[PDB]
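# this one's a deposited entry, sequence included:
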Amino acid sequence: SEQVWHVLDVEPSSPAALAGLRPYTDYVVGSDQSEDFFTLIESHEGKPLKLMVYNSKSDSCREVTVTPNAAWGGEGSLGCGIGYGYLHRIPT
Amino acid sequence: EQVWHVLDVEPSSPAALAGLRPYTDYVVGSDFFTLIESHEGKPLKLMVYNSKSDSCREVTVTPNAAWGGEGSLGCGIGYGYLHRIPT
């Protein structure tokens, strides 16, 4: 129940991108109020969704607002990849 | 028709997190300072030209006056182009 979802690649102009979610430095640590991430994203299709987001480089938490939209034009409803806990990315 | 030249970009600043490339990026869309202030703690969509790629891309930055540093972006900005010479 203390699950963390690591934001990976963020497509340009995706719901995720408009919300300001940052590839590989941001982690979704909760909504603003008991549900997991995927059913939340599902159940807020077309509706704004508040999220609490930890960033590793700034080492700090912030509020972010996202509207999932399966019709944004690409894959999914957010247009990002997501990892469980932490995936280790090597900048090359 | 205005353009802003991105200069120095501090490590771990909102501009850095947005992926602003120092000295080669130019904000060419969506004054700029007012727009920054009015988006304190809020994502701002920018259209950015880079001079190595000769291509445009959408960037999203989230200014943060509290980022712990001067301003709320933590980059230097010039109007149009500032002719800096690395020496």
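Here it is on my side, so go on. Numbering: from 1, shown residues only, chains lettered A, B, ... in the order given.
# which parts of chain A sit against chain B?
By CB under 8 Å from any CB of the partner chain, the residues of chain A that approach chain B are A:12-13, A:17-20, A:22, A:25, A:55, A:57-58, A:62-64. (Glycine included, C-beta is placed from N, CA and C.)
# could you redo the last one with a cut-off of 6 Å?
Counting by CB under 6 Å from any CB of the partner chain, chain A comes close to chain B at A:12, A:13, A:17, A:20, A:22, A:57.
# burial count for the fourth one?
For residue A:20, the tally of surrounding residues (other CB atoms under 10 Å in any protein chain shown) stands at 25.
# residues touching the closest residue to it other than its chain neighbours, list them.
Nearest non-adjacent residue to residue A:20, counting by CB to CB, 6 or more residues apart in numbering or on different chains: residue B:43, 3.1 Å away. Neighbouring residues of residue B:43 by CB atoms under 6 Å, 6 or more residues apart in numbering or on different chains: A:20, B:60, B:62.
# any chance of those in JSON lines, plus secondary structure?
Shown next, in JSON lines, are the contacts of residue B:43 (DSSP: H, G, I helix; E, B strand; the rest coil):
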{"residue": "A:20", "secondary structure": "coil"}
{"residue": "B:60", "secondary structure": "strand"}
{"residue": "B:62", "secondary structure": "coil"}
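# got the phi and psi for the residue nearest to residue A:20?
Per-residue torsions, residue B:43: phi -60, psi 140 (degrees, to the nearest 10).
# and which of the residues of chain A next to chain B is nearest to chain B?
When the residues of chain A next to chain B are compared for distance to chain B (CB to the nearest CB), residue A:20 wins out at 3.1 Å.
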